[PDB]
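1. Can you look at this? It's an experimental structure, sequence on top.
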Amino acid sequence: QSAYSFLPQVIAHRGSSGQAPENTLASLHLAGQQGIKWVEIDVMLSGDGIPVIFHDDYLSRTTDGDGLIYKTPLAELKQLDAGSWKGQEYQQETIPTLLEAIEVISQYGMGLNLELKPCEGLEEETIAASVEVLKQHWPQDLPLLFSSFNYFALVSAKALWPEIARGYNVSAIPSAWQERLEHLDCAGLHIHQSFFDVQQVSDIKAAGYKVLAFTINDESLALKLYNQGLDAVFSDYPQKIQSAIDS
Amino acid sequence: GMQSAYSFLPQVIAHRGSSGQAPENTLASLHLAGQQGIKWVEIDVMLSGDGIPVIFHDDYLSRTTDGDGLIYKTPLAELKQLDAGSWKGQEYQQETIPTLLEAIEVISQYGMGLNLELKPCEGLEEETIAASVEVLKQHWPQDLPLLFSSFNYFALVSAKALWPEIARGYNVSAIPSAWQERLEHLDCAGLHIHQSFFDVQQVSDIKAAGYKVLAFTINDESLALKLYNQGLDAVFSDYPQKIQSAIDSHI
Ligand SMILES: O=P(O)(O)OC[C@H](O)CO
Ligand SMILES: O=P(O)(O)OC[C@H](O)CO
Ligand SMILES: [Cl-]
Ligand SMILES: [Cl-]
Ligand SMILES: [Cl-]
Ligand SMILES: [Cl-]
Ligand SMILES: [Cl-]
Ligand SMILES: [Cl-]
Ligand SMILES: [Cl-]
Ligand SMILES: [Mg+2]
Ligand SMILES: [Mg+2]
Ligand SMILES: [Mg+2]
Ligand SMILES: [Mg+2]
Ligand SMILES: [Mg+2]
Ligand SMILES: [Mg+2]
Ligand SMILES: [Mg+2]
Ligand code: NA
Ligand code: NA
Ligand code: NA
Ligand code: NA
Ligand code: NA
Ligand code: NI
């Protein structure tokens, strides 16, 4: 059941996104082959309601296209180049569907922390469509963790697939962290590294919760935070972080 | 007055002040909106590293200042050394990141209404709203409209908890299928949507149910006029004076 029972120390942030284009099959393959145990990727819907893997509202940063992804049909998305901005050898990469990403992730036996990143207002539809795909295609023997910054997304996730573990994403640790985690029924708090507080973290851990932090790309900082009780980091250079731990 | 702000909603709101020409979210853009005769402004609020409400849009400093790093982790004294105008134009070189207090001073001078968008650091919603409410309860003129809005759930819950008499708007990109449930849940009197998600059928339903509908960010006067004709109550614009002129001259 709970993905947190299998939480590794290092999670590849948007796949192995330091050296391959974020949120692509390429970055998922790289994470898989680098021996990273879990990936994190972001999910939202295309204009025609299909779960796709992408971070920004707009297309221009990570593709050759322009406009709102939320307003763009999958068929149009699929002819954009989602890799060349990272490097020309990735020019065949496209925005993956959630289904496509699942196939690659499961090939390597990796866990998936799917960050629900719905278009604001489209939380219910985004979670519903993502849950449908996952219920029929995600392997029961691999860890699946939902997380979100978005309250409605977390409520919907619990409503539509309660057995799947949930993490609450924040930047700063809320003063009311306990009441929020209890209310949202989340087993983990995922925080921004700049807001790590060893004392608050110790209290959160004392209370039985996992604590994770993003996005850590410096080996020394990762090790510093693990020593202070951080359960996992999200990293763009996950192989480098793991090399540091294992040394 | 400040309560029931939607009763005083103009058709045009200056998005981050008059931000097409002047640097967004500065005293300059607020003065420009005032001088252009715009009736309300919208500006974004969050806390400095030392807990002071400041007017700023991004998490990071580099887009609209010569600074670097997270505004949430930077003390006010350090923020005030930053140049928040040169990126827009050399004439704006002296502009700083305003405190909410400083912004209120300029806004009130022109007798403009304020739609304050609560943009707290995620997780710091309760502290951000508390700090902002303190400033406003002390300094916001009671005879000018004040509207809180946010994309953030906990921000809207905190606003109602700490100062229920001030009207609230729910910011989204798309109109939720459960818009009615949401607006009643959050106790909001208006829905603010992204222009690309304007849906005349849904908007008519929302209007008929007693809520205001606003859209951002519209800089094309022809589009603005079409949307008003289809029931939209207000636009947020970077060129609010141009939109107003289109409204006033339409035959
Ligand atoms: O990188 P973001 O903006 O998707 O957020 C940080 C992590 O991804 C949370 O899962
Ligand atoms: O421009 P944003 O990103 O602050 O979007 C919300 C609009 O400003 C309307 O409040
Ligand atoms: Cl780092
Ligand atoms: Cl790496
Ligand atoms: Cl008006
Ligand atoms: Cl920066
Ligand atoms: Cl200039
Ligand atoms: Cl009150
Ligand atoms: Cl426009
Ligand atoms: Mg993410
Ligand atoms: Mg591009
Ligand atoms: Mg275009
Ligand atoms: Mg395929
Ligand atoms: Mg705003
Ligand atoms: Mg100029
Ligand atoms: Mg200066
Ligand atoms: Na859980
Ligand atoms: Na500080
Ligand atoms: Na000048
Ligand atoms: Na639409
Ligand atoms: Na536009
Ligand atoms: Ni004061």
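-> Arrived safely, thanks for sending. Numbers count the residues shown, from 1 in each chain, chains lettered A, B, ... in the order given. Ligands and ions are numbered 1, 2, ... in the order given.

2. use CA for all of it now, contacts and neighbours both
-> Noted.

3. what about the residue in chain A that ligand 8 sits nearest to, how many residues close to it?
-> When you check chain A against ligand 8 by CA to the ion, the closest residue turns out to be residue A:176, at 22.5 Å. Burial of residue A:176 is recorded as 11 neighbouring residues (other CA atoms under 10 Å in any protein chain shown).

4. again with residue A:244
-> Applying the criterion other CA under 10 Å, we find 14 residues in the vicinity of residue A:244.

5. can I assume it sits in a helix?
-> Yes: when classified by DSSP: H, G, I helix; E, B strand; the rest coil, residue A:244 is found to be part of a helix.

6. ok, now which ones touch the residue nearest to it when sequence neighbours are not counted?
-> In this structure, residue A:244 finds its nearest non-sequential neighbour in residue A:219, 6.1 Å apart by CA to CA, 6 or more residues apart in numbering or on different chains. For residue A:219, the contacting residues are A:240-241, A:244, taking CA atoms under 8 Å, 6 or more residues apart in numbering or on different chains as the criterion.

7. so what's residue A:168 bridging to?
-> residue A:148, residue A:189 (DSSP bridges).

8. Surely it touches residue A:152?
-> No: here residue A:168 does not reach residue A:152: they are 11.5 Å apart, not a contact under CA atoms under 8 Å.

9. Looking at the two, which has the bigger crowd around it?
-> With other CA under 10 Å as the criterion, residue A:168 and residue A:152 differ in neighbour count, and residue A:168 comes out ahead with 25 against 20.

10. which one among the contacts of residue A:219 gets closest to ligand 3?
-> Looking at the contacts of residue A:219 and their distance to ligand 3, the nearest is residue A:241, at 10.3 Å (CA to the ion).

11. Show me what the lengthiest helix in chain A is packed up against.
-> Ranked by residue count and defined by DSSP state H, the top helix of chain A is helix A:123-137. Helices and strands touching helix A:123-137, by 3 or more CA pairs under 8 Å, 6 or more residues apart in numbering or on different chains; DSSP states H and E, are strand A:51-53, helix A:98-107, helix A:151-160.

12. so how far is residue A:196 from residue A:206?
-> Using CA to CA, to the nearest Å, we find residue A:206 at a distance of 16 Å from residue A:196.

13. again with residue A:90
-> Using CA to CA, residue A:90 is found at 35 Å from residue A:196.

14. Ok, residue A:7 next?
-> For residue A:7, the distance to residue A:196 under the criterion CA to CA works out to 19 Å.

15. Repeat that for residue A:77.
-> 37 Å.

16. Residue numbers of chain A in contact with chain B?
-> Proximity of chain A to chain B is assessed by CA under 8 Å from any CA of the partner chain, with A:71, A:119-122, A:149-151, A:170-175, A:194 identified as the residues in range.

17. show me the contacts for the most centrally placed residue in chain A.
-> For chain A, the residue whose C-alpha lies nearest the mean C-alpha position (CA atoms, centre = their mean) is residue A:40; its distance is 2.8 Å. With CA under 8 Å, 6+ apart as the criterion, the residues that contact residue A:40 are A:11-15, A:112-115, A:234.
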